[PDB]
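Presented as structure tokens, the chain that follows is alone, the form deposited in one PDB entry.
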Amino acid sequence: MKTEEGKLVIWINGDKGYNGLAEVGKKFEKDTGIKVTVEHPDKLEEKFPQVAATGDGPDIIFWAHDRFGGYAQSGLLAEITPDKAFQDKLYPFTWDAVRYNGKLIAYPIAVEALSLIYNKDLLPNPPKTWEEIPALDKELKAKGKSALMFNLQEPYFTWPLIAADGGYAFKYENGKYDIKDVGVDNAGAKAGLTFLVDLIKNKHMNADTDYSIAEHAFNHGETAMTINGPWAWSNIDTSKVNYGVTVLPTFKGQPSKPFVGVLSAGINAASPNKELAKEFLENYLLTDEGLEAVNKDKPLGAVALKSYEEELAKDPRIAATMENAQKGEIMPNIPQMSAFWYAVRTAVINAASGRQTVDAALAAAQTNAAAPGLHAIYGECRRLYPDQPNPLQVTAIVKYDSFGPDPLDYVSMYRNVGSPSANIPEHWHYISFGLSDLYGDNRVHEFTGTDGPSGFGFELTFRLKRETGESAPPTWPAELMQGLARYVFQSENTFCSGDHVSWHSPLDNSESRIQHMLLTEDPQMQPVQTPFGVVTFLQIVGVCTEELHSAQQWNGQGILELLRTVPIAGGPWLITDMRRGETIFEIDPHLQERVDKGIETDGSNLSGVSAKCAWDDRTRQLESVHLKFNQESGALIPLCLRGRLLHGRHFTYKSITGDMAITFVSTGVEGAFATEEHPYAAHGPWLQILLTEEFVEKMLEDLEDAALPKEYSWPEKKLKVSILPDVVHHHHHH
């Protein structure tokens, strides 16, 4: 039982008639006593799903219908249950628009479509074609004016042109959408966007033009035309500009196809006020007086409510709205629409800016829209960088699924301001895409469904100290990441925090002393759930050979902590400074003593290493054994023996090329199948050999590396160090 009064929090976009809605709420409060608070937060379509998870979202959310299926699929919307009479009061197509999986998930409010708006004084006869506009602009330019200005930051406004010659979102056939058939990279879409980019190239439009600039331009009479919706008209009236609303220009002898939106009001599933919300929406808003109150503030367009529609249908602006809505298509409401919108937004901005060609932009958008794992990761990125919607990205020209050299399809580069209070410097943040399962169609990775690791289950990241004067992030770390990715795919070994990676060249191909890498959990990036699995984020940390050796001999985690305690060497977020000239040991002499104390008392943390090695003469015992290593692995043999066997621990060399492994074991440890009685044993290519403390000590005495090939022998066994005979191949995760 509830002994309390409810309330209503309402979200509506800032370009809509929210004061009129507040007036309808004021009337609701008068009649009912229930307060109604109308808010118009920025990015409310992105915030709503964020806040609903906290339980702090509104009772009612207004938006175009295309977003609501995603919210619904995510369980964020209450099913709406109007009786037949009320359903009868609104047009069937709009109910259709607000229908998801056989349920009504919102109340439809109004039909929106873009139209050509034009200044009758500057232009008494508006152009019937897009092709006319460049010529018209020159004329208007002669007298200090422009032909057309509109919002190029939202793909919504450019889409009518893109769709004109045959661009589409998802193909509608036999009552449903095909989520893999996307029409953004077809000739018609390329043609439309190419036309837009040509308009910008020839200086008839500017790529940076946004909503407010276009609005100011048209409302001050600085531009002859604009493209906008009904909501925009109230402000034009105020400007006292003599304007007309007409059909959008044709492209290639075809009508522009704007996406038709139905302004809809959904009820939060977590709301304790669903009835008050129903009452408000049905009996107060969706009436002549309510919609009139909202429309007076900012025109809604063609309202779903018949009575007010016949009343507003007289308006030739609404007639024009409906002509353009008619010639266009209603937006799908399927969940994949937000990924699709992100994809198209980036393509239009990048093509218009000249950052990318139309072909590359739309190809990425086409692939991008069909890509859930990517969209999940991008989601995390967006959470981290609200300020940077469009990052600089390194894109693989030929993708890995077609056997291009680079397995990371994309590498995003962000500018991270760090924390000046925390003494964390500014730096560039690289994030990779490809080691996880982006697309889930098994082109590169095996798809097993939700839960478990997505692809290898992680993505690589890197933090590079920003140098003074640097306008953009350097791109070499991307190639570095590609190298690491190539290793991961070929070797089949997943990376873990605490691991090290011997590279043996300065990472940036400079003279830098940073020639090696440690791997740790990214300090900011949180693991993500994708339909294809979970993704964690492994940050790369550049180190000196001395530090690598210390990580090997002692442990990686310790060295990482030391690196955190020394800011110029990493700090809390373990940022890499390629120009760093001293090891942490040169910075604090005594610290080395701490490692040395650690090594002698605790030994090495390294369970094993992947290296060039082999062994030779179904569980099998062997009378003789012959072990083979390369120099580097050979240099770790002393670590294996002294560092672990003498501490009652085991050590494993695993070959990356073959399926072989060699595990050194000492007396005890239970788990070993190698007994002193039978020293050498093998489970296939896995070889386990048991060595005694006495023999370990003796072995340590014998080994002092010398020129190759170098040979060691005993009556039972031989040990070779070789010049990389070890040679000749796995692709993908198939």
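C-alpha atoms forming the largest set that superposes within 1.5 Å between two forms make up the rigid core. Counting begins at 1, following the sequence as shown.
From this point on, the text means the form deposited in another entry, which you will not see here.
For the residues 415, 650, 145, 298, superposed on the rigid core between the shown form and the other one, a C-alpha shift of 2 angstroms or more shows up only at 650.
Once the rigid core is overlaid between the shown form and the other one, residue 686 counts among the residues whose Cα shifts by 2 Å or more. A displacement of less than 2 angstroms separates the C-alpha positions of residue 240 between the shown form and the other one, with the rigid core held in common. After superposition on the rigid core, the Cα of residue 42 moves by less than 2 Å between the shown form and the other one.
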